[PDB]
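Chemist: Heads up: the protein sequence lines correspond to chains F, U, A, C, W, D and X, in order.
For the first sequence, the numbering used here begins at 75 and goes up steadily by one.
For the second sequence, the numbering used here begins at 3 and goes up steadily by one.
For the third sequence, the numbering used here begins at 3 and goes up steadily by one.
For the fourth sequence, the numbering used here begins at 106 and goes up steadily by one.
For the fifth sequence, the numbering used here begins at 19 and goes up steadily by one.
For the sixth sequence, the numbering used here begins at 159 and goes up steadily by one.
For the seventh sequence, the numbering used here begins at 709 and goes up steadily by one.
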Amino acid sequence: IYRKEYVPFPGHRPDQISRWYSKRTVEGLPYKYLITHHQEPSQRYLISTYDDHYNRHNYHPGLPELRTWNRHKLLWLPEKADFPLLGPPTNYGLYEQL
Amino acid sequence: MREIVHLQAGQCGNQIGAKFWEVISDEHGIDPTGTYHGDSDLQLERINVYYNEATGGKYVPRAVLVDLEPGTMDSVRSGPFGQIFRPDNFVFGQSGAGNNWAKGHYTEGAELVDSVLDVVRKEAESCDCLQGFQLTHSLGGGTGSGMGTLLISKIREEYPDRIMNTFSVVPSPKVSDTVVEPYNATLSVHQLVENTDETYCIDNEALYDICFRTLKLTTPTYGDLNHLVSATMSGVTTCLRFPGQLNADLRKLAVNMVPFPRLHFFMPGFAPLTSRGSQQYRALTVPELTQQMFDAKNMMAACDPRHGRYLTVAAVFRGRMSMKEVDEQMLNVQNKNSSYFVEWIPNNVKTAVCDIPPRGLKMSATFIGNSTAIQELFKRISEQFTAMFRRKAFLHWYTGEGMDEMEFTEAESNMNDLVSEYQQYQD
Amino acid sequence: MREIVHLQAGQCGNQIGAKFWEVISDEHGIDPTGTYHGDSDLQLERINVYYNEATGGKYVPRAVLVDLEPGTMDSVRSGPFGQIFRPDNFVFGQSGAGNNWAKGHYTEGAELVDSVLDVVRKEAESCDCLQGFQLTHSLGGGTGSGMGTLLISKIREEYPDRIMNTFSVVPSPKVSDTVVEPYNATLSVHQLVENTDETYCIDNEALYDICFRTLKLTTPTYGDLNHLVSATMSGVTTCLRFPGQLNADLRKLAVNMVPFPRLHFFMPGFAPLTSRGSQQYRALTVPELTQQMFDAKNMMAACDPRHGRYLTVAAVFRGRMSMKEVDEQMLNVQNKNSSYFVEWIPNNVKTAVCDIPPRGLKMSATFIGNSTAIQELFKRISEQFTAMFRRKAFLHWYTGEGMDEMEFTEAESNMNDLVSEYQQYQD
Amino acid sequence: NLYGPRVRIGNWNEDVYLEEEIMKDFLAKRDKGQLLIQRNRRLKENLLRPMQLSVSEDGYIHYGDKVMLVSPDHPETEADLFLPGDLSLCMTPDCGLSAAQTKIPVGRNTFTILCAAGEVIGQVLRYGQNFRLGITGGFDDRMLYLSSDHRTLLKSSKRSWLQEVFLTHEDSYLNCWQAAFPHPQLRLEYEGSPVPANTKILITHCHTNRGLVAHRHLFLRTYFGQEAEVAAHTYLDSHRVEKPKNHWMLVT
Amino acid sequence: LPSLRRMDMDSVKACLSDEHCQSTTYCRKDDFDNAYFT
Amino acid sequence: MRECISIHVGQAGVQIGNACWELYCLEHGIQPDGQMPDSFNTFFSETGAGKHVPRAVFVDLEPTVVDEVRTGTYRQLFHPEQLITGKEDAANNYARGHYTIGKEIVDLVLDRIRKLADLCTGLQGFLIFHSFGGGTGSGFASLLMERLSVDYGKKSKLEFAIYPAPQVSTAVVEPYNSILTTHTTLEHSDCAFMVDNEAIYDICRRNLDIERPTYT
Amino acid sequence: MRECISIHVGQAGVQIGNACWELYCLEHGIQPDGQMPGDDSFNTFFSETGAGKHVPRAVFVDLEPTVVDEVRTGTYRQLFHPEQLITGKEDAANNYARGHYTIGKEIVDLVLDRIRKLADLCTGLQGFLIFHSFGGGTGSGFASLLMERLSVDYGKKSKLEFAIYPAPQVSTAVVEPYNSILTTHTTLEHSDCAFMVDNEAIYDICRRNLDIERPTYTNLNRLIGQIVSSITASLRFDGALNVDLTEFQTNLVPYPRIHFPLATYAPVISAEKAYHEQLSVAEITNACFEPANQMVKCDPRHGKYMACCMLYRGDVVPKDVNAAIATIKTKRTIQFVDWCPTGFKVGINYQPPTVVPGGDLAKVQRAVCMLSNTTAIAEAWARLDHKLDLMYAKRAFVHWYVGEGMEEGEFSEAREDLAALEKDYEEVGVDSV
Ligand SMILES: Nc1nc2c(ncn2[C@@H]2O[C@H](COP(=O)(O)OP(=O)(O)OP(=O)(O)O)[C@@H](O)[C@H]2O)c(=O)[nH]1
Ligand SMILES: Nc1nc2c(ncn2[C@@H]2O[C@H](COP(=O)(O)OP(=O)(O)OP(=O)(O)O)[C@@H](O)[C@H]2O)c(=O)[nH]1
Ligand SMILES: Nc1nc2c(ncn2[C@@H]2O[C@H](COP(=O)(O)OP(=O)(O)O)[C@@H](O)[C@H]2O)c(=O)[nH]1
Ligand SMILES: Nc1nc2c(ncn2[C@@H]2O[C@H](COP(=O)(O)OP(=O)(O)O)[C@@H](O)[C@H]2O)c(=O)[nH]1
Ligand SMILES: [Mg+2]
Ligand SMILES: [Mg+2]
């Protein structure tokens, strides 16, 4: 019985790839697919409030200088603290110094 | 500037910290090789809080990774940021703890502290002004619950005036993966209350409920829960590293939060979490973050706050934002439902605003809350303990390792009086 | 989200459903190996209604195949789609029935229904929202008419809110094939009256008339008769699986077609049927479909609706047509010969339109008719019953197993009052 | 009952959202051509480009011929694990050196015999005369060089702990090698003689006096798979003769 | 592929799952691999 | 300032709302995905991502038509959560959609309606698109009307309901529902404009030269 | 480096270890000649030489010179070390006394020496795996002597069992209650945990699950090897929740005399029916609790569960495991003791089970092995109680036992210890309030 049952099996390589899928499905989704909301860059919101309100003097070359009243939202819409120049990151030269 | 020393204990602590350091390196612009590829000087001024400056411009974290079995530490070293950690900070044994608090505190987890403590003294003596220590573990095991509490005790003995923080993943009520879990939880809470300044309670099934009912993921796994825990953890040290209009370090979140020294157990939360379907169709503002931050189903601990009462409340906001509606909204949430805030303290909400949000977000916020509903999480642990200890079930795996029968009674009495102490402040 | 569990009783039901799965597996583009290789992605929209998911993305039908002999199992495993069926669903006995309702219903039939229901209950409990049950069987036999009726009177109490669908082969008028088939037919339809929401009567002689006159097929094997039965078998559950302008599942065709719970015996009909020599001479217009479905030569039941009154009429259309032509045609065929519809019910026609025709047809239609012409089918079975029963002939093969005269008298009384209430509600 | 990723059952809309947006990210990465399959394919095709070694019209190798550094097959069994044989020196992007089981000029195998002193190209290489070995880098015509340094507590070989060999862009005397006759009593006679091209010779670092050695029992698992490790150590027998593993051949 | 009646014939004889048509077939794995339809 | 919230109930309501919101997106500068390359505020509300989400709630018990909307050409315009969907059908029964199957989805549609009113400041109208002959539009619309009259009060709700026609008829149990929902709604609404499909068939085939019109 | 040494005692031991090491060699890339042509940590069960030859760290010991010797002339004759196959000239011949007192002490020196030569190469030796049978002479006598010597020589270390309990009503011998009870008398004080399997329960699950009739002993050794491989799977491969040999011991037995958990394997499906089923975690867990799919012929509804050590395998997700357990805990037909509120242990492994060609299982993607100790095993001890009660009043088969070293008075001590064990099992399964 032993020499009939326990016969060598040629060309039987093991499964070494489904365990990769099982490890990767428990690693989890990266941070892009779980917490990043409006497909947003890693360069946008890096502006200090001091650096926006004193260093650049509320620059933002796209707001009207006089606010205007709307018919639907009953407020004078263009809020200079609500659209705070999501633009050039705050640099002062520490990168080149280091 | 005020440096923070990170400690990781156990499989859960190691994986949470592995997922945490990648978020920190993302928000400070550190690549997996350790070099800097960000684009702002705000990410480089206070990078010394978490990273030391090695030669050649590479940054190595100030973290110590402690375990007793090398299985999960191989996966940590095969993490996406696995090469940034110092090889000398990897301290690990060859024999497991066997889900045993007793042998992981006295027999197998006490001869390895002579190297862990040497490492901790080494990397906390190069920092200029050390603020405190940071520990993540799980109370339901044998490595984090056993060895981690001994580490906490010795660190508090050697550094008495620093801040000891703890993100403990307590055993979940409904689903469990260890029979001797209540013994470890009971024996760990008693040593927690004697040597910690702050302790955050995270329940795994509350995290699963958050992933199922808000993120709407069909297959939520441990990596997503680790991301949520790490996103909460990075939101409490944001004023250390980035500027803001109202700063608050870890000590400001203590003095404003613990009135009585035995009441330092909180339940954390993260505001901007939504599914991929509704992620494009919502607007990030103040009244959207504060509406669901105070929501009962957005908490990382499985305790309903509508049962209990909020003792004092913290909310640390991030990103460029206004200071009026961050006060108006958290005055209105205090005055509409005034029955869930205790009355012997007039204001209860602490406000902190940073102006640099997490990457991929416009603004975000972190919730720290001390409530009288956290004692629900200890009453059922004590009920399971007194259901198990009265029959001496699984007790020879604790008694024969060098522990007396009175330690269980002392720990259970201490937790029972902790439970009864929270009961005084509800009615 | 709706699912159907399909049951197969006896030789006739086994062959009919083995052909039905042949006509469903190509509608949904499913290979004989189980793989999906269809044309469009609309076919996988609602594959859940008839198919489960196996490992590797294969699809297996949700069918239960029962009999008391393994011969028909050998026939259906040797067919084209034999290897797609579930091997655990082949429940068979060791000894056959052989045209006895008593042994197929009480002793040998009841020795197998436990093993049948141990699969049926598991399949129903695995369903998320099961909507109904489907049965293919023959009333003129012994294993279908007994064990299928026992299954009907065993799943009805377990799931009392679901839909019972039956595909019954009633004995033909001109030529019979079993001398004890009046007995089994009467007992089977006596069980069928009180445990089924709707029955679909099919006669083989009417199918011979269709296959000889309409299709000009002068050697009509049982394959083409199974084609004809199975086409209207799939044309009634089409709005579940494919979108359309006006949808109708089995419950919608229930409320509009059975007014009174004992009057739920219908007659089917499939509209586009043309010979190969009359193919190019027939225009493909919706009027021609309405003409062919509303003639009495396209009825699978051997009953002329000239005598009786159509109580309510169903008509489900497939393909792309405007609703105006369908509405105009059906309103005007109601209005022209308005003496063949009951005036107590104001409008009698039910309309449903689906957007996917069968693979190869420009458009299609399917007739379901409640009429006062089915009771004529029951009259002649009653006359044969009283002729056979007043002489007590062929009766000792029944009372030797558990029957008595009381069940026969009760069944004859039930058919007498069913004929009486069919007659009462025509005029 | 759980179904598959094409049928609307249960939660399907969120999986469609995630699948479509992951598809969009992957398609953007594909259009930009920065997928790691594409980067790996380009790096592999740069590494395996067909090069043409120069023929020797007189049987000698001169300065400036594109040559090979192959290791002859040895029947000796010092250790019972072994790489089969006919190993050629190759550059491995771990810059990295390894002996590889191939014998076709593949671009990461071809070396150019350079000059150290004032020697013009076409001048015949000689025994005991300094020369440098150069290879082409990735996406640039900047000459790397075969170089070795003294063995410290910080700079040694990878799996053995002997003297290292790397590729570098720095020009010094760490850059130089010289060829020696394998026969020890016939070394000083065979000094001014020209080198026959495909002959078993010994290559020594001029600043450390350590010959190049390809350790056949130390397997390096790379993307191509199962290559040896090369270091700089002069092994000897009991008869004061170098090992077969120290010998090297120059293939034209 | 084996018929049910053949399975019962093979069950009547005392075949020890190595002569049975249950666990043994003459087709090799290449016969199963190329047994598709498209 | 004059925002309106449309409630489409049933297969008729969803198929009407598809054409209605196609016309609304065409009238303003709204792309089919919701982008715009300021009169739209009465129908469309802006978010922070630049999208113009509609102020509409699509409900049906039977999932097929809402599923078709989810996989149609207007997938990126609508919110994933304004499309409220059950599992079982309505089965042409007022009783089911008003008492058994209609009272386990009323919480989510009411929460979405309350959620919609938060972004708006000047709400004064509710538009109801449903049919008197079906089960959803007769049963579930009626109970939603009762709850809306309970928790909002004096906001005017107007209904565009598809009435039975004298000659054409889709269903048989249609007079039962057509009497029952007009008995329930009659005190809980403000103005009810009636429509029947045979009239628009006549209008299309006479006033235009169009032959065999469809539902769209 | 966390290796385990296997010890196979007796004919049952070697015939189980053949299938076990065949599956171990098949699940890695190990040829039968010991040659190999990331996370594959085969060093916990295979040593290494200079030529890449991997030898098992196991000993095959049996007093009969047939079955171990026929291993030496088969397929795997080049795999095992020649000196790790200890065989004897005269067998015990169904005699606990003979293999415990006359043949035992005389051959135990070589087995102890070979274990010591295997153990000095170890670095992080976790425990010992002992395979034997209760009804035999070698597997009851020489196994218990090995227990005694291993415990006095290594002390506090794990010692796990895969023992063949006697079937309740069917048997191959007649003196087997004597041997079984005598070896349980000396096992309780010197064992750590004893995973229990039968033969006729495996006969029933071979008849009704794989749809085969007439199985042989290899046809059961395949299932036993599958159980052994899945139990030690978390020590050779990685996983989300790894479980070592110490977790079987510190999370399953509440008292040091309750160390008998029942074993079962969930997806026992044949290759003609495997690919038509959806083998998800819910139906792979519900089938593991069924009263017909256990390896010990005993109904767990008779008793109360103490602890359950679920080991999972394959492409399993922990949320499905938690949902399946929460489904189990809502079933009132299945009970737990009151002093165990949680009552579960979960281990997750990534590697799906490798299939053996010529076997009877299929290429499944998921697997569950359970180890649960239940008060219902007291029903199994009562039958052996009654059988020794029947056979000892007449002093049948005693003259064989007393002529080989032992006296009459040790049957009394074995009887007292089994009565005490029945008392403990009865006392545990009561309430507190
Ligand atoms: N004018 C017009 N009428 C429609 C349209 N769609 C459906 N109808 C009418 O709707 C009636 C039946 O549909 P429903 O009211 O939705 O019936 P239901 O049971 O609720 O169907 P579901 O909503 O799918 O559950 C028919 O009598 C049609 O007259 C449409 O697109 N245009
Ligand atoms: N299920 C199963 N049972 C086995 C197997 N091999 C042996 N057994 C059982 O184990 C019992 C003990 O028999 P042996 O192992 O031969 O006894 P022994 O260890 O050789 O001791 P001696 O017979 O005295 O030499 C037998 O009665 C069999 O019932 C096996 O492969 N599978
Ligand atoms: N949220 C979360 N839970 C984890 C993680 N790893 C383990 N756990 C949970 O922690 C519980 C026990 O952890 P355990 O294995 O005992 O950690 P140990 O103390 O290092 O042994 C298990 O029920 C797991 O579900 C993780 O990375 N994240
Ligand atoms: N249309 C059709 N009728 C069938 C088929 N098979 C059997 N029948 C009918 O079934 C009747 C005999 O019933 P039978 O199957 O022998 O009885 P049973 O075996 O007890 O279910 C005959 O009148 C046939 O007309 C089939 O494939 N198609
Ligand atoms: Mg619908
Ligand atoms: Mg023997």
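Quick reminder that beta carbons are idealized off the backbone N, C-alpha and C, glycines included.
Could you check the C-alpha separation between residue 772/X and residue 789/X for me, to the nearest Å?
Modeler: The alpha-carbon atoms of residue 772/X and residue 789/X are separated by roughly 19 Å.
Chemist: Just checking my contact of residue 56/W with residue 192/A at CB under 8 Å: how many whole Å lie between their CB atoms?
Modeler: Their Cβ separation, rounded to whole angstroms, is 50 Å, which puts residue 56/W and residue 192/A out of contact at 8 Å.
Chemist: Can you list, in chain order, the residues of the segment 171 to 190 of chain C whose Cβ is nearer than 7 Å to any Cβ on chain X?
Modeler: So the close ones are 184, 185 and 186.
Chemist: Please confirm whether residue 132/F has its beta-carbon closer than 8 Å to some beta-carbon of chain U.
Modeler: So no, residue 132/F is outside the interface.
Chemist: Can you find a CB in chain X that lies within less than 8 Å of the CB of residue 57/A?
Modeler: Judged by the 8 Å Cβ criterion, residue 57/A is in contact with chain X.
Chemist: Could you work out which residues of chain F lie near residue 127/C, taking near to mean beta carbons separated by less than 8 Å?
Modeler: 107, listed in chain order.
Chemist: Taking a cut-off of 5 Å, which residues have a beta-carbon closer than that to any heavy atom of ligand 6, in chain order?
Modeler: Those satisfying the condition are, in chain order, 719/X, 772/X and 799/X.
Chemist: Comparing the C-beta of residue 118/F with each C-beta of chain X, is any distance below 8 Å?
Modeler: Output row for residue 118/F: interface = no.
Chemist: Return yes when the C-beta of residue 44/U is under 7 Å from any heavy atom of ligand 1, and no when it is not.
Modeler: Incorrect: residue 44/U has no Cβ contact closer than 7 Å to ligand 1.
Chemist: If I'm right that residue 387/A touches residue 188/A with Cβ under 8 Å, what's the distance once you round it to whole angstroms?
Modeler: Going by Cβ atoms, the distance from residue 387/A to residue 188/A rounds to 5 Å, so yes, they are a contact pair.
Chemist: In whole angstroms, give me the CA-to-CA distance for residue 1180/X and residue 850/X.
Modeler: The question about residue 1180/X has no answer, for chain X in this structure spans 709 to 1141.
Chemist: Is residue 171/A close to ligand 7? I mean its beta-carbon at under 7 Å from any heavy atom of the ligand.
Modeler: Within the structure as shown, ligand 7 is missing, the only ligands being ligand 1, ligand 2, ligand 3, ligand 4, ligand 5 and ligand 6.
Chemist: Per DSSP, residue 239/C is paired with what?
Modeler: For residue 239/C, which the question treats as bridged, DSSP gives the partners 217/C and 250/C.
Chemist: Hey, residue 922/X and residue 1000/X are a contact pair by Cβ (cut 8 Å); roughly how many whole angstroms apart?
Modeler: Actually they do not touch by this definition, with Cβ atoms about 20 Å apart.
Chemist: Would you mind reading off the limits of the alpha helix (DSSP H) that contains residue 167/A?
Modeler: Careful: residue 167/A lies outside any alpha helix (DSSP H), inside the beta strand (DSSP E) at 165 to 171.
Chemist: Would residue 95/A and residue 144/A qualify as a contact pair, given that the criterion is a beta-carbon distance under 8 Å?
Modeler: Not a contact, by the Cβ cut-off of 8 Å.
Chemist: What do you get for residue 906/X, buried or exposed, if any count of 16 or more other CB atoms within 10 angstroms of its CB means buried?
Modeler: It is buried - the Cβ of residue 906/X has at least 16 other Cβ atoms within 10 Å.
Chemist: Taking only beta-carbon atoms, is residue 259/C less than 8 Å away from chain U?
Modeler: Judged by the 8 Å Cβ criterion, residue 259/C is not in contact with chain U.
Chemist: Tell me which same chain residues have a C-beta within less than 6 Å of the C-beta of residue 183/A, skipping the five on either side of it?
Modeler: Excluding positions up to five away in sequence, the list reads 142 and 173.
Chemist: Using the three-state DSSP reduction, which class does residue 107/A fall into: helix, strand or coil?
Modeler: Helix at residue 107/A.
Chemist: Taking buried to mean at least 16 other C-beta atoms within 10 Å of its own C-beta, is residue 196/U buried or exposed?
Modeler: Exposed, since its Cβ has fewer than 16 Cβ neighbours within 10 Å.
Chemist: Could you give the C-beta distance for residue 960/X and residue 1079/X, rounded to a whole number, given that I count them as a contact under 8 Å?
Modeler: That pair is a contact at about 6 Å.
Chemist: Sort out for me which residues DSSP pairs residue 55/A with in a bridge.
Modeler: 61/A.
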